[PDB]
Amino acid sequence: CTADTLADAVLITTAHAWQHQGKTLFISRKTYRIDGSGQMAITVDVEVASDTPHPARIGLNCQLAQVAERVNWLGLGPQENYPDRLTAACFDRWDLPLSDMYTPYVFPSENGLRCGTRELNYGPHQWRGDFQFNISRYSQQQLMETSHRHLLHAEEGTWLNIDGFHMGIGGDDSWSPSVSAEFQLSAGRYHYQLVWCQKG
Amino acid sequence: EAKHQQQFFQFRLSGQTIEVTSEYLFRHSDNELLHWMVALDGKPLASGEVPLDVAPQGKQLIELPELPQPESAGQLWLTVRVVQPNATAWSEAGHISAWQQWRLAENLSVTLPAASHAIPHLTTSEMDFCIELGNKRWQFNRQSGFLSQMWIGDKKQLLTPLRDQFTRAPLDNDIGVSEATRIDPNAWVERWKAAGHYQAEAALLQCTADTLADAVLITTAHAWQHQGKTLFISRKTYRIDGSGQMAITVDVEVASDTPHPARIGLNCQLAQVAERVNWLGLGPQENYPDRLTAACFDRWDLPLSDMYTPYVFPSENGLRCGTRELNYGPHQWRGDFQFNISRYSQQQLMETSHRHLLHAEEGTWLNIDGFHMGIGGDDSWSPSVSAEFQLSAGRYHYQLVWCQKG
């Protein structure tokens with residue numbers, strides 16, 4: 001963890017390792033550049049061990065404190081779309097209510113992702129780059145541990161998942177793996193960038 | 001490549017078991033021996049040899065001995081090969097007929113570089129940025145934004161500045177049947193020439209130089225423009241720390257409407273000529289993204305002349321993909337890149353009609369590409385590079401660490 005002051009910015013650099021039973025599965029190296037306009041650029045470089053199963057996603061996750069009525073984004077489609085199911089989505093500026101960003105599947109799971117997204121506006125926050133995202137009132141943990149969708153309860157704020165990379169969902173059948181190799185996250189190393197700014 | 005693709009033994013890996021399927025229709029494998037080897041970053045750890053007894057179109061299971069599990073960082077590779085111990089009417093004893101390689105297990109390096117006591121010193125004139133660390137010096141041209149010179153002691157290491165490269169000397173598949181008198185505009189070289197890739201000019205946009213707690217950071221931004229259109233933007237960071245290492249991060253955006261570039265990499269002319277090229281990477285022979293299945297990952301040491309392929313009509317040649325480490329003279333480059341190294345520049349290869357007219361230049365031309373286009377080969381009169389081997393992503397990132405003996 002390093003913190004430096006440049007000519008016109010502040011640079012934070014961090015390195016993280018994810019370990020399980022002595023094995024390092026992921027390494028994440030991140031830089032944070034905050035300049036004089038208030039923008040915070042985040043560069044993320046992730047290495048994935050070749051022998052671990054390919055991760056479902058590589059992204060960032062946070063719980064925003066404020067709840068907003070609308071989600072605006074320059075990106076793909078009005079409807080939920082995924083890397084292997086996105087041909088029907090169109091690139092445009094979409095403005096939806098927050099409830100429209102959650103898909104009420106009977107058995108809760110990962111849902112509401114929008115791919116090919118260049119800009120995301122929620123409340124006073126703007127994220128720019130080239131990313132996928134989902135935004136909701138339910139965390140991935142709650143979706144995992146809830147058997148039926150009527151048992152879900154909204155949490156205090158907004159959970160935002162901004163992924164640089166996301167796995168395909170499959171669909172050829174539901175009793176064997178069906179995500180094609182071109183939609184698995186097998187590259188071993190991954191890079192993305194996202195700029196976070198506020199109203200100003 | 002053909003020899004590997006037409007081999008008569010197919011191999012499957014499952015845990016510690018190798019399934020060997022014979023593609024022979026009539027003969028038993030009576031002159032066949034399976035050698036295997038496990039290596040960590042090119043360092044062998046375990047090997048063995050198993051006789052093959054496979055019926056025509058049959059299968060043989062080979063259970064491997066308990067394979068080594070190192071704690072040291074690196075990636076484990078298992079290589080198997082089929083050797084003919086006895087000579088035949090057409091082959092000598094020891095002939096290798098089939099082979100296959102698998103990635104076994106990788107250990108990610110989580111050990112940190114020990115903090116250094118020295119700090120590189122930065123000096124700023126209007127003409128250049130100079131960084132000094134012991135006997136080593138790096139000089140960046142402020143007018144152009146590129147790393148212009150490197151010094152070890154008092155010896156200059158570069159003859160041409162390290163600059164971005166997006167083009168290659170066109171191949172026979174790039175040219176197609178396009179002729180000077182009869183131009184075929186669907187050919188790749190014609191599309192690159194019409195888009196101005198070969199004539200695009202780099203223009204510096206931003207250049208910053210800062211001193212951190214334990215390093216010096218150089219950041220530059222370049223735009224390549226042709227007839228008013230920006231084709232490529234390259235943003236680069238240079239981090240020189242107290243150990244003498246120079247990490248270079250490159251981020252490139254490519255306009256979606258320009259034809260996909262032949263490569264995204266760096267290019268420089270090294271001042272010194274060395275006898276040997278050493279590299280931890282794919283294959284001893286020249287290999288490309290769409291022709292690399294026959295290359296194996298290992299530590300390879302070749303003479304420099306072995307890194308150039310004498311094609312009759314000169315073109316881009318000698319590329320080695322999947323390369324983690326490259327050593328040439330006192331220089332080491334680490335990362336995940338492709339490279340070619342020779343005494344001929346891409347410009348000379350483009351402008352020379354026959355290979356006997358080529359002349360060696362003063363130093364060594366090194367092309368380190370983060371990304372490289374496929375070469376095609378289905379035919380030579382129409383584009384044949386598949387879409388998965390074109391550089392169409394629009395944005396590209398790579399990193400390379402350049403260090404010297406120390």
# chains A, B, ... in the order shown; residues from 1 in each chain; ligands from 1
$ residues_around --residues "range 38-50 of chain A" --least-positions-apart "6" --cutoff "7 Å" --atoms "only C-alpha atoms" --output "PDB file with N, CA and C atoms, in the first residue's frame"
ATOM      1  N   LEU A  25      -5.468 -17.782  -5.177  1.00  0.00           N
ATOM      2  CA  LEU A  25      -6.372 -17.888  -6.316  1.00  0.00           C
ATOM      3  C   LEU A  25      -6.325 -16.659  -7.212  1.00  0.00           C
ATOM      4  N   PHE A  26      -6.368 -15.467  -6.624  1.00  0.00           N
ATOM      5  CA  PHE A  26      -6.383 -14.224  -7.378  1.00  0.00           C
ATOM      6  C   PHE A  26      -5.388 -13.256  -6.763  1.00  0.00           C
ATOM      7  N   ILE A  27      -4.779 -12.430  -7.607  1.00  0.00           N
ATOM      8  CA  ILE A  27      -4.023 -11.267  -7.159  1.00  0.00           C
ATOM      9  C   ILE A  27      -4.598 -10.043  -7.853  1.00  0.00           C
ATOM     10  N   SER A  28      -4.903  -9.010  -7.075  1.00  0.00           N
ATOM     11  CA  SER A  28      -5.450  -7.768  -7.602  1.00  0.00           C
ATOM     12  C   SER A  28      -4.513  -6.626  -7.244  1.00  0.00           C
ATOM     13  N   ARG A  29      -4.086  -5.879  -8.256  1.00  0.00           N
ATOM     14  CA  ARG A  29      -3.266  -4.691  -8.091  1.00  0.00           C
ATOM     15  C   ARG A  29      -4.053  -3.502  -8.613  1.00  0.00           C
ATOM     16  N   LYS A  30      -4.206  -2.483  -7.779  1.00  0.00           N
ATOM     17  CA  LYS A  30      -5.086  -1.371  -8.093  1.00  0.00           C
ATOM     18  C   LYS A  30      -4.358  -0.055  -7.893  1.00  0.00           C
ATOM     19  N   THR A  31      -4.602   0.880  -8.801  1.00  0.00           N
ATOM     20  CA  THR A  31      -4.147   2.250  -8.635  1.00  0.00           C
ATOM     21  C   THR A  31      -5.347   3.183  -8.603  1.00  0.00           C
ATOM     22  N   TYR A  32      -5.270   4.172  -7.712  1.00  0.00           N
ATOM     23  CA  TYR A  32      -6.285   5.209  -7.562  1.00  0.00           C
ATOM     24  C   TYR A  32      -5.618   6.550  -7.815  1.00  0.00           C
ATOM     25  N   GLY A 188      -6.425 -15.578 -17.697  1.00  0.00           N
ATOM     26  CA  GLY A 188      -5.412 -15.574 -16.656  1.00  0.00           C
ATOM     27  C   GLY A 188      -5.027 -14.207 -16.131  1.00  0.00           C
ATOM     28  N   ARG A 189      -4.996 -13.203 -17.002  1.00  0.00           N
ATOM     29  CA  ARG A 189      -4.733 -11.827 -16.607  1.00  0.00           C
ATOM     30  C   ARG A 189      -5.784 -10.919 -17.227  1.00  0.00           C
ATOM     31  N   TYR A 190      -6.220  -9.929 -16.455  1.00  0.00           N
ATOM     32  CA  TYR A 190      -7.341  -9.079 -16.822  1.00  0.00           C
ATOM     33  C   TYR A 190      -7.062  -7.656 -16.372  1.00  0.00           C
ATOM     34  N   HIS A 191      -7.421  -6.698 -17.214  1.00  0.00           N
ATOM     35  CA  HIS A 191      -7.221  -5.292 -16.914  1.00  0.00           C
ATOM     36  C   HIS A 191      -8.508  -4.533 -17.179  1.00  0.00           C
ATOM     37  N   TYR A 192      -8.838  -3.600 -16.290  1.00  0.00           N
ATOM     38  CA  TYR A 192      -9.891  -2.654 -16.616  1.00  0.00           C
ATOM     39  C   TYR A 192      -9.647  -1.347 -15.882  1.00  0.00           C
ATOM     40  N   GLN A 193     -10.391  -0.330 -16.294  1.00  0.00           N
ATOM     41  CA  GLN A 193     -10.293   1.001 -15.723  1.00  0.00           C
ATOM     42  C   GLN A 193     -11.685   1.589 -15.585  1.00  0.00           C
ATOM     43  N   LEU A 194     -11.895   2.358 -14.523  1.00  0.00           N
ATOM     44  CA  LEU A 194     -13.161   3.053 -14.344  1.00  0.00           C
ATOM     45  C   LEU A 194     -12.926   4.375 -13.631  1.00  0.00           C
ATOM     46  N   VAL A 195     -13.551   5.431 -14.134  1.00  0.00           N
ATOM     47  CA  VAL A 195     -13.460   6.757 -13.538  1.00  0.00           C
ATOM     48  C   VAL A 195     -14.739   7.013 -12.756  1.00  0.00           C
ATOM     49  N   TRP A 196     -14.592   7.372 -11.485  1.00  0.00           N
ATOM     50  CA  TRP A 196     -15.707   7.667 -10.594  1.00  0.00           C
ATOM     51  C   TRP A 196     -15.673   9.161 -10.295  1.00  0.00           C
ATOM     52  N   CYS A 197     -16.743   9.864 -10.653  1.00  0.00           N
ATOM     53  CA  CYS A 197     -16.865  11.284 -10.375  1.00  0.00           C
ATOM     54  C   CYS A 197     -18.238  11.583  -9.785  1.00  0.00           C
TER      55      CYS A 197
ATOM     56  N   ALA B 105      -0.245 -26.889 -13.147  1.00  0.00           N
ATOM     57  CA  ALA B 105      -0.653 -26.077 -12.012  1.00  0.00           C
ATOM     58  C   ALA B 105       0.247 -24.856 -11.903  1.00  0.00           C
ATOM     59  N   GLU B 106      -0.355 -23.725 -11.556  1.00  0.00           N
ATOM     60  CA  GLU B 106       0.360 -22.463 -11.447  1.00  0.00           C
ATOM     61  C   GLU B 106       0.340 -21.978 -10.006  1.00  0.00           C
ATOM     62  N   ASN B 107       1.480 -21.473  -9.550  1.00  0.00           N
ATOM     63  CA  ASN B 107       1.595 -20.803  -8.263  1.00  0.00           C
ATOM     64  C   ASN B 107       1.869 -19.330  -8.524  1.00  0.00           C
ATOM     65  N   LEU B 108       0.972 -18.469  -8.054  1.00  0.00           N
ATOM     66  CA  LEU B 108       1.117 -17.038  -8.269  1.00  0.00           C
ATOM     67  C   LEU B 108       2.152 -16.463  -7.314  1.00  0.00           C
TER      68      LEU B 108
END
$ residues_around --residues "residue 12 in chain A" --least-positions-apart "5" --cutoff "9 Å" --atoms "only C-alpha atoms" --output "list in words"
residues 1, 2, 3, 4, 5, 30, 31, 32, 33 and 34 of chain A
$ write_last_selection --atoms "N, CA, C and O atoms" --output "mmCIF file, in the first residue's frame"
data_model
loop_
_atom_site.group_PDB
_atom_site.id
_atom_site.type_symbol
_atom_site.label_atom_id
_atom_site.label_comp_id
_atom_site.auth_asym_id
_atom_site.auth_seq_id
_atom_site.Cartn_x
_atom_site.Cartn_y
_atom_site.Cartn_z
ATOM 1 N N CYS A 1 0.853 -1.185 0.000
ATOM 2 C CA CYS A 1 0.000 0.000 0.000
ATOM 3 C C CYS A 1 0.889 1.234 0.000
ATOM 4 O O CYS A 1 1.636 1.465 0.954
ATOM 5 N N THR A 2 0.813 2.015 -1.074
ATOM 6 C CA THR A 2 1.589 3.235 -1.228
ATOM 7 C C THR A 2 0.660 4.415 -1.475
ATOM 8 O O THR A 2 -0.373 4.288 -2.139
ATOM 9 N N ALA A 3 1.048 5.569 -0.934
ATOM 10 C CA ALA A 3 0.310 6.814 -1.109
ATOM 11 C C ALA A 3 1.302 7.912 -1.450
ATOM 12 O O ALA A 3 2.231 8.166 -0.679
ATOM 13 N N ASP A 4 1.111 8.561 -2.597
ATOM 14 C CA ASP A 4 2.023 9.602 -3.048
ATOM 15 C C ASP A 4 1.244 10.800 -3.566
ATOM 16 O O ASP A 4 0.095 10.679 -3.993
ATOM 17 N N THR A 5 1.887 11.961 -3.520
ATOM 18 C CA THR A 5 1.340 13.175 -4.105
ATOM 19 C C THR A 5 2.146 13.540 -5.345
ATOM 20 O O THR A 5 3.368 13.700 -5.272
ATOM 21 N N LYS A 30 -4.206 -2.483 -7.779
ATOM 22 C CA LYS A 30 -5.086 -1.371 -8.093
ATOM 23 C C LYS A 30 -4.358 -0.055 -7.893
ATOM 24 O O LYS A 30 -3.595 0.107 -6.938
ATOM 25 N N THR A 31 -4.602 0.880 -8.801
ATOM 26 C CA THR A 31 -4.147 2.250 -8.635
ATOM 27 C C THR A 31 -5.347 3.183 -8.603
ATOM 28 O O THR A 31 -6.312 3.010 -9.355
ATOM 29 N N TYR A 32 -5.270 4.172 -7.712
ATOM 30 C CA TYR A 32 -6.285 5.209 -7.562
ATOM 31 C C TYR A 32 -5.618 6.550 -7.815
ATOM 32 O O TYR A 32 -4.693 6.930 -7.094
ATOM 33 N N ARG A 33 -6.086 7.267 -8.825
ATOM 34 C CA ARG A 33 -5.578 8.592 -9.155
ATOM 35 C C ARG A 33 -6.701 9.599 -8.952
ATOM 36 O O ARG A 33 -7.704 9.570 -9.672
ATOM 37 N N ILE A 34 -6.538 10.478 -7.969
ATOM 38 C CA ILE A 34 -7.493 11.544 -7.691
ATOM 39 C C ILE A 34 -6.832 12.863 -8.063
ATOM 40 O O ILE A 34 -5.846 13.265 -7.436
#
$ residues_around --residues "residue 142 in chain B" --least-positions-apart "6" --cutoff "12 Å" --atoms "only C-alpha atoms" --output "number ranges by chain"
B: 124-130, 148, 203-209, 218-221
$ closest_atom_pairs --of "chain B" --to "chain A" --cutoff "10 Å" --atoms "only C-alpha atoms" --output "Markdown table"
| residue | atom | partner | partner_atom | distance |
| --- | --- | --- | --- | --- |
| B:71 | CA | A:23 | CA | 9.8 |
| B:75 | CA | A:50 | CA | 8.4 |
| B:76 | CA | A:51 | CA | 9.9 |
| B:103 | CA | A:50 | CA | 8.0 |
| B:104 | CA | A:51 | CA | 7.2 |
| B:105 | CA | A:51 | CA | 5.2 |
| B:106 | CA | A:50 | CA | 5.8 |
| B:107 | CA | A:49 | CA | 6.8 |
| B:108 | CA | A:24 | CA | 6.3 |
| B:109 | CA | A:24 | CA | 8.6 |
| B:110 | CA | A:17 | CA | 7.2 |
| B:112 | CA | A:15 | CA | 10.0 |
| B:208 | CA | A:7 | CA | 8.3 |
| B:209 | CA | A:7 | CA | 8.3 |
| B:210 | CA | A:6 | CA | 6.0 |
| B:211 | CA | A:6 | CA | 7.5 |
| B:212 | CA | A:4 | CA | 6.0 |
| B:213 | CA | A:4 | CA | 6.8 |
| B:214 | CA | A:2 | CA | 9.7 |
| B:217 | CA | A:6 | CA | 9.3 |
| B:251 | CA | A:191 | CA | 9.9 |
| B:336 | CA | A:189 | CA | 9.4 |
| B:388 | CA | A:182 | CA | 9.7 |
| B:395 | CA | A:130 | CA | 9.4 |
| B:396 | CA | A:191 | CA | 8.9 |
| B:397 | CA | A:191 | CA | 6.9 |
| B:398 | CA | A:191 | CA | 8.6 |
$ atom_distance --atom1 "CA of residue 298 in chain B" --atom2 "CA of residue 9 in chain B"
22.0 Å
$ select_by_dssp --residues "range 6-130 of chain A" --states "helix (DSSP H, G or I)" --output "list in words"
residues 98, 99, 100 and 101 of chain A
$ closest_residue --among "B:87, B:273, B:133, B:80" --to "residue 157 in chain B" --atoms "only C-alpha atoms"
B:273
$ residues_around --residues "residue 403 in chain B" --least-positions-apart "3" --cutoff "9 Å" --atoms "only C-alpha atoms" --output "number ranges by chain"
B: 243-247, 330-334, 406
$ write_last_selection --atoms "N, CA, C and O atoms" --output "PDB file, in the first residue's frame"
ATOM      1  N   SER B 243      15.680  -0.547  -7.793  1.00  0.00           N
ATOM      2  CA  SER B 243      16.395  -1.734  -8.235  1.00  0.00           C
ATOM      3  C   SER B 243      16.850  -1.646  -9.685  1.00  0.00           C
ATOM      4  O   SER B 243      17.448  -2.602 -10.189  1.00  0.00           O
ATOM      5  N   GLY B 244      16.581  -0.531 -10.363  1.00  0.00           N
ATOM      6  CA  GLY B 244      16.946  -0.360 -11.750  1.00  0.00           C
ATOM      7  C   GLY B 244      15.916  -0.838 -12.748  1.00  0.00           C
ATOM      8  O   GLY B 244      16.072  -0.574 -13.946  1.00  0.00           O
ATOM      9  N   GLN B 245      14.873  -1.527 -12.299  1.00  0.00           N
ATOM     10  CA  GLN B 245      13.840  -2.017 -13.198  1.00  0.00           C
ATOM     11  C   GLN B 245      12.992  -0.866 -13.724  1.00  0.00           C
ATOM     12  O   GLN B 245      12.743   0.114 -13.019  1.00  0.00           O
ATOM     13  N   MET B 246      12.562  -0.982 -14.977  1.00  0.00           N
ATOM     14  CA  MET B 246      11.664  -0.014 -15.596  1.00  0.00           C
ATOM     15  C   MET B 246      10.413  -0.748 -16.062  1.00  0.00           C
ATOM     16  O   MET B 246      10.450  -1.475 -17.059  1.00  0.00           O
ATOM     17  N   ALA B 247       9.318  -0.576 -15.331  1.00  0.00           N
ATOM     18  CA  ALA B 247       8.034  -1.135 -15.724  1.00  0.00           C
ATOM     19  C   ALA B 247       7.345  -0.178 -16.686  1.00  0.00           C
ATOM     20  O   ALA B 247       7.295   1.029 -16.437  1.00  0.00           O
ATOM     21  N   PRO B 330      22.800  -7.902 -22.195  1.00  0.00           N
ATOM     22  CA  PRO B 330      22.532  -7.542 -20.796  1.00  0.00           C
ATOM     23  C   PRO B 330      21.082  -7.193 -20.488  1.00  0.00           C
ATOM     24  O   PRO B 330      20.787  -6.853 -19.340  1.00  0.00           O
ATOM     25  N   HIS B 331      20.182  -7.267 -21.462  1.00  0.00           N
ATOM     26  CA  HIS B 331      18.814  -6.801 -21.296  1.00  0.00           C
ATOM     27  C   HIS B 331      17.870  -7.967 -21.044  1.00  0.00           C
ATOM     28  O   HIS B 331      17.988  -9.025 -21.671  1.00  0.00           O
ATOM     29  N   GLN B 332      16.928  -7.763 -20.122  1.00  0.00           N
ATOM     30  CA  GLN B 332      15.872  -8.724 -19.842  1.00  0.00           C
ATOM     31  C   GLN B 332      14.527  -8.017 -19.877  1.00  0.00           C
ATOM     32  O   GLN B 332      14.361  -6.954 -19.270  1.00  0.00           O
ATOM     33  N   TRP B 333      13.578  -8.607 -20.594  1.00  0.00           N
ATOM     34  CA  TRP B 333      12.201  -8.140 -20.646  1.00  0.00           C
ATOM     35  C   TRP B 333      11.289  -9.225 -20.093  1.00  0.00           C
ATOM     36  O   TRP B 333      11.353 -10.379 -20.529  1.00  0.00           O
ATOM     37  N   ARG B 334      10.450  -8.856 -19.133  1.00  0.00           N
ATOM     38  CA  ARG B 334       9.532  -9.782 -18.493  1.00  0.00           C
ATOM     39  C   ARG B 334       8.100  -9.305 -18.684  1.00  0.00           C
ATOM     40  O   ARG B 334       7.833  -8.103 -18.748  1.00  0.00           O
ATOM     41  N   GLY B 406      22.073  -7.216 -13.015  1.00  0.00           N
ATOM     42  CA  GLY B 406      22.209  -6.690 -11.669  1.00  0.00           C
ATOM     43  C   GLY B 406      21.310  -7.384 -10.664  1.00  0.00           C
ATOM     44  O   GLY B 406      20.088  -7.396 -10.811  1.00  0.00           O
TER      45      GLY B 406
END
$ residues_around --residues "residue 147 in chain A" --least-positions-apart "4" --cutoff "10 Å" --atoms "only C-alpha atoms" --output "ChimeraX atom specification"
/A:106-109,142-143,151-152
$ write_last_selection --atoms "N, CA and C atoms" --output "PDB file, in the first residue's frame"
ATOM      1  N   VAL A 106     -37.669 -16.641  -9.798  1.00  0.00           N
ATOM      2  CA  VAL A 106     -38.323 -17.310  -8.675  1.00  0.00           C
ATOM      3  C   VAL A 106     -37.289 -17.779  -7.659  1.00  0.00           C
ATOM      4  N   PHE A 107     -36.203 -18.379  -8.136  1.00  0.00           N
ATOM      5  CA  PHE A 107     -35.085 -18.731  -7.273  1.00  0.00           C
ATOM      6  C   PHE A 107     -34.002 -17.672  -7.435  1.00  0.00           C
ATOM      7  N   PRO A 108     -33.726 -16.860  -6.414  1.00  0.00           N
ATOM      8  CA  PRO A 108     -32.841 -15.704  -6.601  1.00  0.00           C
ATOM      9  C   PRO A 108     -31.443 -16.102  -7.051  1.00  0.00           C
ATOM     10  N   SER A 109     -30.866 -15.268  -7.913  1.00  0.00           N
ATOM     11  CA  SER A 109     -29.535 -15.491  -8.451  1.00  0.00           C
ATOM     12  C   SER A 109     -28.985 -14.159  -8.942  1.00  0.00           C
ATOM     13  N   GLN A 142     -27.069 -12.208  -0.178  1.00  0.00           N
ATOM     14  CA  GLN A 142     -28.476 -12.456   0.117  1.00  0.00           C
ATOM     15  C   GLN A 142     -29.141 -13.253  -0.997  1.00  0.00           C
ATOM     16  N   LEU A 143     -28.791 -12.965  -2.252  1.00  0.00           N
ATOM     17  CA  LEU A 143     -29.337 -13.737  -3.362  1.00  0.00           C
ATOM     18  C   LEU A 143     -28.904 -15.195  -3.294  1.00  0.00           C
ATOM     19  N   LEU A 151     -38.908 -14.263  -0.103  1.00  0.00           N
ATOM     20  CA  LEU A 151     -38.176 -14.117   1.146  1.00  0.00           C
ATOM     21  C   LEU A 151     -37.116 -13.026   1.093  1.00  0.00           C
ATOM     22  N   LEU A 152     -36.864 -12.446  -0.079  1.00  0.00           N
ATOM     23  CA  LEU A 152     -35.885 -11.375  -0.194  1.00  0.00           C
ATOM     24  C   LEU A 152     -36.388 -10.114   0.495  1.00  0.00           C
TER      25      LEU A 152
END
$ atom_distance --atom1 "CA of residue 21 in chain A" --atom2 "CA of residue 53 in chain A"
15.3 Å
$ atom_distance --atom1 "CA of residue 55 in chain B" --atom2 "CA of residue 27 in chain B"
7.3 Å
$ residues_around --residues "residue 172 in chain B" --least-positions-apart "2" --cutoff "12 Å" --atoms "only C-alpha atoms" --output "short mmCIF file (atom, residue, chain, number, x, y, z; two decimals) with N, CA and C atoms, in the first residue's frame"
data_model
loop_
_atom_site.label_atom_id
_atom_site.label_comp_id
_atom_site.auth_asym_id
_atom_site.auth_seq_id
_atom_site.Cartn_x
_atom_site.Cartn_y
_atom_site.Cartn_z
N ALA B 169 5.54 -5.60 -41.62
CA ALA B 169 5.85 -5.78 -43.03
C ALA B 169 4.89 -6.81 -43.61
N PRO B 170 4.13 -6.48 -44.65
CA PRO B 170 3.02 -7.35 -45.06
C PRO B 170 3.48 -8.72 -45.52
N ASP B 174 -1.21 -11.04 -46.44
CA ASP B 174 -1.65 -9.66 -46.33
C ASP B 174 -1.80 -9.01 -47.70
N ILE B 175 -0.85 -9.27 -48.59
CA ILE B 175 -0.88 -8.67 -49.92
C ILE B 175 -1.98 -9.29 -50.77
N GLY B 176 -2.12 -10.61 -50.73
CA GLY B 176 -3.07 -11.26 -51.62
C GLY B 176 -2.59 -11.19 -53.05
N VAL B 177 -3.53 -10.99 -53.97
CA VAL B 177 -3.21 -10.75 -55.37
C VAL B 177 -3.28 -9.27 -55.72
N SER B 178 -3.16 -8.40 -54.72
CA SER B 178 -3.08 -6.97 -54.99
C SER B 178 -1.77 -6.65 -55.70
N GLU B 179 -1.85 -5.88 -56.77
CA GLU B 179 -0.70 -5.52 -57.57
C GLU B 179 -0.62 -4.00 -57.69
N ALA B 187 -7.75 -6.54 -49.87
CA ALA B 187 -6.57 -7.08 -49.21
C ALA B 187 -6.21 -6.27 -47.98
N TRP B 188 -5.60 -6.95 -47.00
CA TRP B 188 -5.28 -6.32 -45.72
C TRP B 188 -4.29 -5.18 -45.89
N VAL B 189 -3.25 -5.39 -46.70
CA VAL B 189 -2.23 -4.35 -46.87
C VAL B 189 -2.83 -3.13 -47.55
N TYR B 311 12.43 -16.10 -45.65
CA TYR B 311 11.43 -16.18 -46.70
C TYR B 311 11.94 -15.47 -47.95
N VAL B 312 11.59 -16.03 -49.12
CA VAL B 312 12.14 -15.52 -50.38
C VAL B 312 11.73 -14.07 -50.59
N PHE B 313 10.47 -13.76 -50.34
CA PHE B 313 10.00 -12.38 -50.37
C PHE B 313 9.92 -11.87 -48.93
N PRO B 314 10.76 -10.93 -48.52
CA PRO B 314 10.84 -10.57 -47.10
C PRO B 314 9.52 -10.05 -46.55
N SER B 315 9.25 -10.40 -45.30
CA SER B 315 8.04 -10.00 -44.61
C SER B 315 8.28 -10.09 -43.11
N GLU B 316 7.23 -9.83 -42.34
CA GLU B 316 7.29 -10.05 -40.90
C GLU B 316 7.54 -11.53 -40.63
N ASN B 317 8.51 -11.82 -39.77
CA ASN B 317 8.93 -13.19 -39.56
C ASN B 317 9.58 -13.33 -38.19
N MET B 350 9.73 -4.45 -45.65
CA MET B 350 8.67 -4.00 -46.54
C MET B 350 9.20 -3.53 -47.89
N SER B 353 12.43 -6.42 -52.20
CA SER B 353 11.64 -7.36 -53.00
C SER B 353 12.11 -8.80 -52.86
N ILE B 375 -1.98 -14.72 -39.12
CA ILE B 375 -1.34 -14.67 -40.43
C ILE B 375 -2.20 -15.24 -41.55
N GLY B 376 -3.25 -15.98 -41.24
CA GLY B 376 -4.08 -16.59 -42.27
C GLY B 376 -3.38 -17.75 -42.95
N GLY B 377 -3.92 -18.13 -44.09
CA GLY B 377 -3.34 -19.24 -44.82
C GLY B 377 -4.32 -20.14 -45.56
N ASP B 378 -5.62 -19.92 -45.38
CA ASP B 378 -6.60 -20.71 -46.13
C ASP B 378 -6.40 -20.55 -47.63
N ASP B 379 -6.17 -19.32 -48.08
CA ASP B 379 -5.68 -19.06 -49.43
C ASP B 379 -4.85 -17.79 -49.38
N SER B 380 -4.30 -17.41 -50.53
CA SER B 380 -3.43 -16.25 -50.62
C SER B 380 -3.96 -15.20 -51.59
N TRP B 381 -5.24 -15.28 -51.95
CA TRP B 381 -5.85 -14.31 -52.85
C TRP B 381 -7.07 -13.63 -52.25
N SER B 382 -7.38 -13.90 -50.99
CA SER B 382 -8.46 -13.24 -50.27
C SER B 382 -8.10 -13.23 -48.80
N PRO B 383 -8.67 -12.32 -48.01
CA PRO B 383 -8.39 -12.33 -46.57
C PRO B 383 -8.81 -13.65 -45.94
N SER B 384 -7.94 -14.20 -45.09
CA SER B 384 -8.16 -15.51 -44.50
C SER B 384 -7.84 -15.55 -43.01
#
$ residues_around --residues "residue 153 in chain A" --least-positions-apart "5" --cutoff "12 Å" --atoms "only C-alpha atoms" --output "VMD selection string"
chain A and resid 108 136 to 139 142 to 143 145 to 146 148
$ write_last_selection --atoms "N, CA, C and O atoms" --output "compact mmCIF listing (two decimals), in the first residue's frame"
# COMPACT_ATOMS: atom_id res chain seq x y z
N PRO A 108 -33.73 -16.86 -6.41
CA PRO A 108 -32.84 -15.70 -6.60
C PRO A 108 -31.44 -16.10 -7.05
O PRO A 108 -30.90 -17.13 -6.64
N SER A 136 -28.90 -2.88 -7.50
CA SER A 136 -30.12 -3.40 -6.89
C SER A 136 -30.12 -3.06 -5.40
O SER A 136 -29.27 -2.33 -4.91
N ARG A 137 -31.13 -3.58 -4.70
CA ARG A 137 -31.21 -3.48 -3.25
C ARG A 137 -30.88 -4.80 -2.56
O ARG A 137 -31.05 -4.92 -1.35
N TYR A 138 -30.42 -5.79 -3.31
CA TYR A 138 -30.06 -7.10 -2.78
C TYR A 138 -28.60 -7.39 -3.08
O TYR A 138 -28.14 -7.18 -4.20
N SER A 139 -27.88 -7.86 -2.07
CA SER A 139 -26.49 -8.23 -2.26
C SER A 139 -26.40 -9.62 -2.89
O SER A 139 -27.35 -10.41 -2.86
N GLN A 142 -27.07 -12.21 -0.18
CA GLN A 142 -28.48 -12.46 0.12
C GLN A 142 -29.14 -13.25 -1.00
O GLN A 142 -29.98 -14.12 -0.73
N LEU A 143 -28.79 -12.96 -2.25
CA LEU A 143 -29.34 -13.74 -3.36
C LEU A 143 -28.90 -15.19 -3.29
O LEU A 143 -29.69 -16.09 -3.62
N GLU A 145 -28.20 -16.91 -0.49
CA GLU A 145 -28.69 -17.58 0.71
C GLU A 145 -30.21 -17.53 0.83
O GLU A 145 -30.75 -17.93 1.87
N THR A 146 -30.92 -17.08 -0.20
CA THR A 146 -32.37 -16.99 -0.18
C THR A 146 -32.93 -17.99 -1.19
O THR A 146 -32.57 -17.96 -2.37
N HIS A 148 -36.25 -18.57 -2.09
CA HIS A 148 -37.37 -18.12 -2.91
C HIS A 148 -37.37 -16.60 -2.92
O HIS A 148 -36.91 -15.96 -1.97
